[PDB]
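Here's the letter readout for the chains.
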Amino acid sequence: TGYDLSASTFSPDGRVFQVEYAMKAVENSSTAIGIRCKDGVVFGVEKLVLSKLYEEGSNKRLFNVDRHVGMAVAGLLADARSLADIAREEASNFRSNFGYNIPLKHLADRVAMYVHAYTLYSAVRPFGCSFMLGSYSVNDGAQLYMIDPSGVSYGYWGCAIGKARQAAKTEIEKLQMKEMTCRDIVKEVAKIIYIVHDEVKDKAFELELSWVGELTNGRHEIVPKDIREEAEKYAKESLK
Amino acid sequence: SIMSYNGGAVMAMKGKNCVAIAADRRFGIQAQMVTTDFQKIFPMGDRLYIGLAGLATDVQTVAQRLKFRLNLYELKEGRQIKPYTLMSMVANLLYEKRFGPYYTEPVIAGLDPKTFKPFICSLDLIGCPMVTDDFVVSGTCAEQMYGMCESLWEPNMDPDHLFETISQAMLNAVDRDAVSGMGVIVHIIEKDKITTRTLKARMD
Amino acid sequence: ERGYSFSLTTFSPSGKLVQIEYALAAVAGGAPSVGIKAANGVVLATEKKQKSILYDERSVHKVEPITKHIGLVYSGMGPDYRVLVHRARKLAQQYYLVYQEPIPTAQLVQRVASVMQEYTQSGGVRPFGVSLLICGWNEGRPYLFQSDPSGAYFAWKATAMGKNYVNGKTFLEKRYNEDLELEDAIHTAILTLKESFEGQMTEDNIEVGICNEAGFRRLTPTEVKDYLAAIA
Amino acid sequence: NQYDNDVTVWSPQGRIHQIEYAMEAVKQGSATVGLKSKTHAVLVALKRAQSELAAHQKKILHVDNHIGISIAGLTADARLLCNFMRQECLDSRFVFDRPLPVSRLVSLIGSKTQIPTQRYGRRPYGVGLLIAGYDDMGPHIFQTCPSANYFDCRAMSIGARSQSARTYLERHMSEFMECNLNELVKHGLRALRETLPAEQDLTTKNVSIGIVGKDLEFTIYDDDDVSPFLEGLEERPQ
Amino acid sequence: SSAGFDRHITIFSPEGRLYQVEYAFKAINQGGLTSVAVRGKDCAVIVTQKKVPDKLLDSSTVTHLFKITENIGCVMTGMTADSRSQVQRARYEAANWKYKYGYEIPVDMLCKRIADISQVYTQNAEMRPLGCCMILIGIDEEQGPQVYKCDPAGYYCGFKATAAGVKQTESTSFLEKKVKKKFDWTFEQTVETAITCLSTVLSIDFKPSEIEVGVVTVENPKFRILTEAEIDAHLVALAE
Amino acid sequence: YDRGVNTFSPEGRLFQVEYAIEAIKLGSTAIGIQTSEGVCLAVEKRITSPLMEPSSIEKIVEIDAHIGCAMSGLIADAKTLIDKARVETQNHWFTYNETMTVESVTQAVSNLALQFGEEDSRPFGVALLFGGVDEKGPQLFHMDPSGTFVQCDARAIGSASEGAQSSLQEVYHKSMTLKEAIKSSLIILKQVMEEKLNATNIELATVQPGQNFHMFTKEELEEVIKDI
Amino acid sequence: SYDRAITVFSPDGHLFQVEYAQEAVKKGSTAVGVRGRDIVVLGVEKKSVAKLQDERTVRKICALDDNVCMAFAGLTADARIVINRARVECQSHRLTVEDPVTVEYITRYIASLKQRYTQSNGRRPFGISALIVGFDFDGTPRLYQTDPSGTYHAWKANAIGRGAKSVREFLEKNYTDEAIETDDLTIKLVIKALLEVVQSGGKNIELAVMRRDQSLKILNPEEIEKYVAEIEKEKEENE
Amino acid sequence: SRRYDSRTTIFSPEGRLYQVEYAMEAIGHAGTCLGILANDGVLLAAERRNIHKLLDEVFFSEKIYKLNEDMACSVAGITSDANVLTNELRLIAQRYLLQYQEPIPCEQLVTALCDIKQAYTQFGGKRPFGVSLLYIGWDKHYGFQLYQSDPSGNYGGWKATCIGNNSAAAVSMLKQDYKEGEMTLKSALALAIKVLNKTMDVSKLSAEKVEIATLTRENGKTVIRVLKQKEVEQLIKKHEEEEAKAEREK
Amino acid sequence: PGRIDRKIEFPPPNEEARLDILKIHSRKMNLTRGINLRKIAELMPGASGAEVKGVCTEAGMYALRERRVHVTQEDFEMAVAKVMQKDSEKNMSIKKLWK
């Protein structure tokens, strides 16, 4: 106490509690996982329905930054739509200045330097968000990135954001990555959301899957959800 | 032109241990005089004067801006100003107004504040400092003053013959000019004293 | 920023400025130095050590030139020194672009300290933690001045700053007479430099710069090692 | 309690308390209910009078020919977002010569109220909205919050004791599609009367109804034309 | 003692000290990582381990060896988010030296530009001083190789061999006895002493996959990151 | 004891805007009644010393031609709101050639009721009573430092805030006349004031649809007193 | 560039800085002023001269124009800013409207200046209170006053400074029309009112009159001797 | 953010100042200046606060700052805050001459500074000035004048004023011993040497501890005289002789 | 004043007062010619009078360790400078930012 008010002051051992407080605000949020196959990235976000409380398809946390770039935000939803506008605005200036599609290595670095800049001053607070960046290209393959509220951004094959962070990634690494098509990954994501988060605190919940890769021609779009409905039928087979 | 709007003639000649400066005494507007006592030589310390010629607005404007900057220089230091430091000071003030300039051409003629060494220089309207060893002139009737001082200058000149020389250089060159005249004042300064004389010229 | 600009240095109810008195405490816990004026040149002598044998002494310099004839050292802290050196480098050029003449040593210290006083009254910043010793031979007579974090300026003959300055102050009060030569001044600046130095005085433990009437001249470690024989 | 003062300061629990104090400002306002059908979006509000002689404070206010909002918070933050709301609708009317979609209007609102919840020296906009619109894909009912989280819903209610209104809407959400206008409106005002004590009710003086639809511009009714809507009702049993 | 707000903002203590900068000196140590810089007679070795705790995490997006220009490389310790903001300042002001001046920036002049920026962050009392370190190597014309180190206080000096990170007092005390016994230093003697100094302080005796070597040569002035195969060549050569 | 000037209460309200409404209670009382024949309006001057000349103290201020006012609270803070309300009726007439309605005057005043802050001060400390005759007949509106615009039929604000409003609802109906509303208001005033009732303590201003310029001076105020 | 509110509200519904600034007005020298029908009068007490030092620069009754006269209270530094501000306004009003400035227009300039100077941020309010005396056209002698809050009134007899309540209570028991009939009686009345403020030995009383046709004329110290003598003469005739 | 603000603006709850009062009580420590006039001429006595042997004194005007061709000043307070005001007030006097070609009178130069010192007390939260300085000079309207500046921004006309708290006893001497229109350039100097002999605690009044500057009006020049080395000493030998003569009555 | 009518203070001694106390303590001592007791009082910037003994103890003690009954002025000059141990911080920067 006394050192944990401003984001500019240091602790007497040398850390910043305003960043430490914002990270566990992201921890108190529902689970969103991501995993890439050999030719694409598959997103999966658990979505909570309290009783009715909204439509069927409101406030979806699977945003769409560029034609070939996705989001899997989790945490404080209001600041997530702020980062989604900053990443949207960043990718247009790369298009206007240079004339081709933004590489994901830049787009993680350009956003993380904006997240880092809100951890230096007493005027502003750090963002209470964390998110995923998934892309696919014919000259760079698929990449999957991950940004914390501090600003540390580097690569992964499979990551998880939410309450069930360490509990869900235990069985993500039980899967294989190179020898899987992303059509197989879609029904593999659907069981991980279904295994974790038992219907005790939250009875009803949704399951939104988004997917970019070689089958989607590099364009990012949502999976056909009402069409063919193979996610939840294969996921509920794990009853024992 | 703009330099010929009022007229003027400033001459400075270097002697042996003394320097002399001279100017005319006319204020007019292109054909019509107004007075006979328009000051064109302003003192800057002791044994160091400055002459100005050209547009009569920029004569009185630069002579007050330079006096503004000179008193601040002499109070932030203790000493008086050297003649080289004045020439660098004026050349800054004329170059700041690079695009819309002051239509004037200064002439500096003084002595050393330490020794008795004379100094003469003249500047352009945008501030190109030009030092000589014999004489500098400025004004509308410039070419007549070059015809005087080339045939009427000797290296080592006592203050008696220095006064008799710059007087004949001014009284013959200015009486050939149309927009200059109406009296000539001559300052002859040296280490001991300062002598100011007004000549007897054609009043037409 | 926001636009705060509120002064954090106010008057005590006793009637003193507290933060400037604390900035002088950081100066006294610095490296010792000694500057002696001796009627033909001024000698600046600092005490430069390394924490280990791993450093490189040909990298960071103490006795620093300003224009061509104006030297400058310090006794406060390290990183605040390089700011007001670069400030004084640029500030000596606007004198030369206007007056076309090298700046007198009395004229920099009026201007460096006026930067430094106004720096303390302004808000949101701390004062500097560096005292200076500015010297130079202009118009025949040499000069030797001292600034402070309050922004005041003085004119010494033989002073000392840094650690154990009161021991060097009584030593220079007895050793330094009214006038010497430059070579007598270097001999007595080293004879007061290791009042509180270590045992070894090599060419890398000290670093001495002089101001002749020919100009500022920083001594290379060859002549420092050649003069340190039979020193004091 | 030292971290319960500014908006910039986080908490050791991880929850900013100035947003949590702004949610309680919404509950101080009077209750209002917004719902929709296949072809219409009707929001019904409840007015409060200050004294017996003063007029009732108005709740529903017109924005555009197809967008109308309700209110549940302060009045300075009401008109400050209202003047921003009218301004954006006529800009796209001027530039693209088309009415705005309702969904991308509200995305500008959540981006608008984000800045005074992160920088120092600003308060959150303590205000609650029920945005009801109509565009090229059907009617919409949107609610907001001072935490800048907008919700696409089918039937909600915000204000004082609005929990009792939500329970009426959950057990009648299936009938809210095959209902034209008259049983669409009178389902809505039965939700308001369950946010009332059992001794007073709607008296054509503290209630307003706004309807927008396919062939209908957003029209506000108050105190004269509410009386055809207030008929064929039944008293609350006890 | 604490007087006024000396424990919070960058002002002086009554003892003539200040605390927020010397709190930032142990803001490096929370990374749990160590970097070693060794200069030879014709080379300059940068060796630094990395810790990869996750199997679902890349081995290419982690390495702190960063390329400033074609002839200047660096290594970053401290925390990760602050270190990458320090690199984009170093990449940028090395480019302005080319545009303004024409020739390539020396490695000594670049640490003056960095340490003056860290001065101001110390200096203004309303922002955070970016606790991280900075070690540069490079070949200078007619001067040989150089090693410099910047600090969050904002000072630099030249070096012969000095490590940073967590273990300084154990690593530099090993390097003192190594240098002052006047051994030879050609290429591989420099690399072998750069491995064993990290291998005796940490006492690991690793596998060639965690450390990275960033050597630069007089004959090859380009900054070069070593391959995993040739790191194994230098490691089994010193294993007799 | 110095918290943020713009901070929500833990219960949900405000801090300093709540204190602004408290600072109206020390001001002098004022009564205005809307009647279909016209709007009457009354105030008490509260003269402190006989050396003070009374007519330099005013509470009724005309706005453009047909709109009156009544301030209660801080005097010089009210002078800023008056000088803006005069101008904003003139910009309406020299851009539309019509008189700004009484409701839309109060909207323009109530915009900057809570536009204080650090960038882009403190909230004001006066409540007002705008009354006038426009195209929808006579009108009477009431505002506050919280910017809560409202319409009242007969509002009474100031020191006797609760005491007058209780006595006023006792004797009021819809079909009043103008002469009945004038004599009824000063009955309320003399019950709530502490001094006597003369031609120097109170003042009136009645705006009519025909007599648009509200006009009321001394030697007529004595006639209304002596007839009751 | 300064954004910090200084004057905020209190929990009971008051201010802080305004009541504090009126305390500094209470710690000042008293200065009264009455009016009449042709000639106005105002005088200051508590001169407190060192009696060996200069006194033309300690004069605290000045004129903004050829019609309007000043008399302030409180601290002297804040008065000099307000006076030299108000000299500009009464001179720029003469540029637009050709009349001399009325006494009503110049007090609304000062009072509205002093209010917005408390409304804004980061600004220490003034601590003065003026007595503005000037007879306008049509021969209208009147006097106003100011206040650090920014209010203005019209009085017939004002008192400020240290012990204004005693002087105002003295003038309260003196509501005569005969004292505003004779001119020198009104001047002696000011000398009578200022007598029970300070020790008042006829040397610490600086008064100045204006007969609505001429600029202000300070009475002589020999005039103050004859005025104190006739006051002591008629006071002893109560036996 | 806001808890670091020092609040150098708010009134005391007593109802007076809180920050300016600290400097006005501080100003009496470590400074002593005075100045006397009653006829043609005006002087300024100063006091070398620390005269150490390893010092240059090459400036020849240490505490006196000749700010114009007609005026000068004696400053006491913060050393470096004096240099801000003397650079400013020297420049105010020169922009007047640019505008009018007429020398600045002594009255409306002092008022130009006191408006600057006041404005850094009201708004901004700036640290106020801790500088109290004196004024001499000559105008075309009154002549030889003295003024006393304050950190609050208040001035006044004087004839025997002072600055230091040690010199508060000197005012008791100057009320006891002062003449009205009988000043010479000897009766005024010998009075000041008598003051600093008693008010300063330096025994025997060492001539390297005092400093005296006078302003006379010679023909049209207003010569500002700074007297240096031996005239101080023979003034002391004149003063010590008169003290040895007057003590013979004892 | 109903109880105590007289409140006599005791100021620090002056230069002649320091000189006269010094002559009392040096009267019982042994002195060498060519010595100035006035400068000893003049090197005491506002002394206390109690330390006039302390100078006369340290001067005779320095003459003791030479087994010498003679004393110079230099012995008194080291005796005064020893007792003058004040926490005055003579950096020429504490009494010198405040001229």
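Preceding this paragraph is the structure being described.
Residues numbered from 1 in each chain as written, not as in the entry; some residues may be left out. Chains lettered and ligands numbered in written order. Part of a larger assembly, values for the part shown. Heavy atoms only, no water. Residues with missing side-chain atoms left out of burial classes, pairs and counts.

Undergrad: It is not clear to me how the overall build of chain G should be interpreted in this structure. Could you clarify?
TA: Within chain G one finds 6 helices and 8 strands. When the helices and strands of chain G are listed from N to C terminus, the series reads α-β-β-α-α-β-β-β-β-α-α-β-β-α. Taking 239 residues into account, the globule formula puts the C-alpha radius of gyration at 18 Å, and chain G, at 19 Å, falls close to it. For chain G, the spread of C-alpha atoms along the principal axes amounts to about 65 × 45 × 40 Å. Put simply, 62% of the contacts in chain G that link residues at least 6 apart link residues at least 24 apart. (Helix = DSSP H or I, 4+ residues; strand = E, 2+ residues; numbered from the N terminus. Rg over C-alpha atoms; globule rule 2.2 N^0.38 Å. Contact = heavy atoms within 4.5 Å.)

Undergrad: What should I look at first to understand the overall build of chain E in this one?
TA: Across its full length, chain E holds 6 helices and 10 strands. Over its C-alpha atoms chain E spans a radius of gyration of 19 Å, differing by no more than 12% from the 18 Å that the globule rule assigns to 240 residues. With the C-alpha coordinates of chain E rotated into their principal frame, the extents come out at 60 × 45 × 45 Å. For chain E, the share of sequence-separated contacts (at least 6 apart) that also reach a separation of at least 24 residues comes to 59%.

Undergrad: Would you mind showing me how to read the state of the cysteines here?
TA: Where two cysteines share a covalent bond between their sulfur atoms, that bond is called a disulfide. Summed over all chains, the structure comprises 1 disulfide over all chains. In this model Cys121 of chain B remains outside any disulfide bridge; the closest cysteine sulfur is found in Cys128 of chain B, 11 Å from its own. Judged by its relative accessible area of 0%, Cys121 of chain B is buried. Distance from the sulfur of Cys69 of chain F, which forms no disulfide, to the nearest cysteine sulfur (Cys152 of chain F) is 14 Å. In this structure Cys69 of chain F comes out as buried when scored by relative accessible area, which is 0%. (Disulfide = S-S within 2.5 Å. Buried < 20%, exposed > 50% of the residue type's maximum accessible area, 1.4 Å probe, protein only.)

Undergrad: Please clarify how a negative patch on the surface should be interpreted in this entry.
TA: Where like charges cluster on the molecular surface, the negative patch consists of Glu178, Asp179, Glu181, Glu183 and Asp184 of chain C. Structurally, the position occupied by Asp184 of chain C is in helix α5 (residues 182-193). (Patch = residues over 30% accessible without salt bridge, like charges linked within 9 Å, V, L, I, M, F, W, Y side chains within 5 Å. Areas by Shrake-Rupley, 256 points an atom, 1.4 Å probe, with all protein chains shown as cover. Salt bridge = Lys/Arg side-chain N within 4 Å of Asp/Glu carboxyl O. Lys, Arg positive; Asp, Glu negative; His and termini not counted. Charge placed at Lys NZ, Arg CZ, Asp CG, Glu CD.)

Undergrad: Just checking my understanding: could you explain the packing of helix α4 (residues 168-176) of chain H against helix α5 (residues 187-199) of chain H for this structure?
TA: To describe two helices that pack against each other, one gives the angle between their axes and the distance between the axes. All names here are of chain H. The N-to-C vectors of α4 and α5 enclose an angle of 140 degrees; their axes lie 10 Å apart at closest approach. It follows from the interaxial angle that α4 and α5 lie oblique. For the element pair α4 and α5, the recorded crossing hand is right-handed. Contacts from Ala170, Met173 and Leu174 of α4 reach α5 at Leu191, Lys194, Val195, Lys198 and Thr199. Counted by class, the contact of α4 with α5 contains 5 nonpolar, 1 polar and 2 charged residues. (Axes fitted to C-alpha atoms, helices over the stretch in contact; angles between N-to-C directions. Parallel < 35°, antiparallel > 145°, perpendicular 65-115°, else oblique. Left-handed = near helix turned anticlockwise from the far one by under 90°. Nonpolar A, V, L, I, M, F, W, Y, C, P; charged D, E, K, R; others polar.)

Undergrad: Would you mind going over the interface of chain A and chain D with me for this structure?
TA: Interfaces are often described in size by the accessible area the parts lose on coming together. Each side of the interface is counted separately: chain A has 30 residues, and chain D has 31 residues. Among the residues of chain A in contact with chain D, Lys52, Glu55 and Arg125 of chain A are the three that bury the most area, contributing 29% of the side total. Of the charged contacts, one joins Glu55 of chain A and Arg154 of chain D as a salt bridge, the two residues approaching to 3.6 Å between their closest N and O atoms. Connecting chain A to chain D are 20 residue pairs in polar contact. Mapped by element, the contributors of at least two residues to the side of chain A that touches chain D are α1 (17-27) and α2 (77-98) of chain A. (Buried area = accessible area lost by both parts, 1.4 Å probe. Polar contact = N/O pair within 3.5 Å; in protein donor to acceptor, adjacent residues only side chain to side chain.)

Undergrad: Sorry, what's going on with the sheet that holds strand β1 (residues 42-47) of chain H here?
TA: The strands that make up a sheet pair up through hydrogen bonds in the backbone, lying either parallel or antiparallel. All names here are of chain H. Pairing is antiparallel in the open sheet, where 3 strands are placed in the order β1-β6-β7. In this open sheet, the two edge strands, each paired with only one partner strand, are β1 and β7 (224-226). Across the sheet, the mean angle from the axis of one strand to that of its neighbour is 20 degrees, orientation sign disregarded. Sheet topology note: the strand β6 (residues 210-215)/β7 ladder contains 3 bridges and is antiparallel. Counted as the bridge partner of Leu215 is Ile224 from β7. (Pairing = 2+ DSSP bridges.)

Undergrad: Explanation requested: the interface of chain G and chain F in the structure shown.
TA: Contact residues are listed per partner, giving 23 residues for chain G and 24 residues for chain F. Going through the elements one at a time, α3 (103-119) and β5 (153-155) of chain G are the ones with two or more residues in the side of chain G that touches chain F. The residue inventory of the side of chain G that touches chain F, partitioned by class, reads 9 nonpolar, 11 polar and 3 charged.

Undergrad: Got a minute to help me understand the packing of helix α1 (residues 56-76) of chain B against helix α2 (residues 79-100) of chain H in this structure?
TA: Packing of α1 of chain B against α2 of chain H brings their axes to within 10 Å, and their N-to-C directions diverge by 155 degrees. When the axes of α1 of chain B and α2 of chain H are compared, the pair comes out roughly antiparallel. Both α1 of chain B and α2 of chain H take part in a crossing whose hand is right-handed. Along its contact with α1 of chain B, which presents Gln64, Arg65, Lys67, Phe68, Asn71, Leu72, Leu75 and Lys76 of chain B, the element α2 of chain H presents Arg90, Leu91, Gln94, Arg95 and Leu98 of chain H. When grouped by side-chain class, the residues that make up the contact of α1 of chain B with α2 of chain H number 5 nonpolar, 3 polar and 5 charged.

Undergrad: Would you take a moment to explain a nonpolar patch on the surface for this structure?
TA: Residue and element names in this part refer to chain B. On the surface, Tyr5, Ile29 and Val34 cluster together into a nonpolar patch covering about 260 Å² of accessible area. With respect to the helices and strands, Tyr5 occurs in the segment before β1 (9-14). With a relative accessible area of 33%, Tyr5 lands in the partly exposed category.

Undergrad: Looking at this structure, I do not really get the pairing of strand β10 (residues 206-211) of chain C. What am I missing?
TA: Across a regular strand the side chains alternate sides, sitting on one face of the sheet and then on the other. Residues and elements named next belong to chain C. Counting buried residues in β10 gives 6 out of 6 residues, a clear majority hidden from the surface. Across the two faces of β10 the burial is the same, with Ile206, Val208 and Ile210 and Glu207, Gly209 and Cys211 all buried. Where strand β2 (residues 42-47) meets β10, 6 bridges bridge the pair, whose relative direction is antiparallel. Bridging from a neighbouring strand, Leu44 pairs with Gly209 of β10. Of the pairings in the sheet, the one linking β10 to strand β11 (residues 216-218) comprises 3 bridges and is antiparallel in character. If you follow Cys211 over to β11, its bridge partner there is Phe216. Between β10 and β11, which pair antiparallel one after the other, the connecting turn spans 4 residues, and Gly215 there sits at a positive phi close to 145 degrees.

Undergrad: Can you walk me through the environment of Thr77 of chain E in this structure?
TA: All names here are of chain E. Assignment of secondary structure puts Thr77 in the loop between β4 (72-75) and α2 (80-100). Taking the C-alpha atoms as reference, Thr77 lies 7.2 Å from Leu33; in sequence the two are 44 residues apart. When neighbours within four sequence positions are excluded, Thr77 is seen to be in contact with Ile28, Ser35, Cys132, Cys133 and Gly165.

Undergrad: For this particular structure, what's the right way to read the pairing of strand β5 (residues 126-134) of chain F?
TA: All names here are of chain F. Counting buried residues in β5 gives 9 out of 9 residues, a clear majority hidden from the surface. Burial of β5 is two-sided: the residues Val126, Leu128, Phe130, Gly132 and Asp134 facing one way and the residues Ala127, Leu129, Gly131 and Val133 facing the other way are all buried. Note that strand β4 (residues 72-73) and β5 share 2 bridges and pair antiparallel. Each bridged residue has a counterpart across the sheet, and for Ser72 the counterpart in β5 is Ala127. Looking at chain direction, β5 and strand β6 (residues 137-143) are connected through 7 bridges and run antiparallel. When the sheet's bridge partners are listed, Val133 is paired in β6 with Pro138. Here β5 folds back onto β6 in antiparallel fashion, the turn holding 2 residues.

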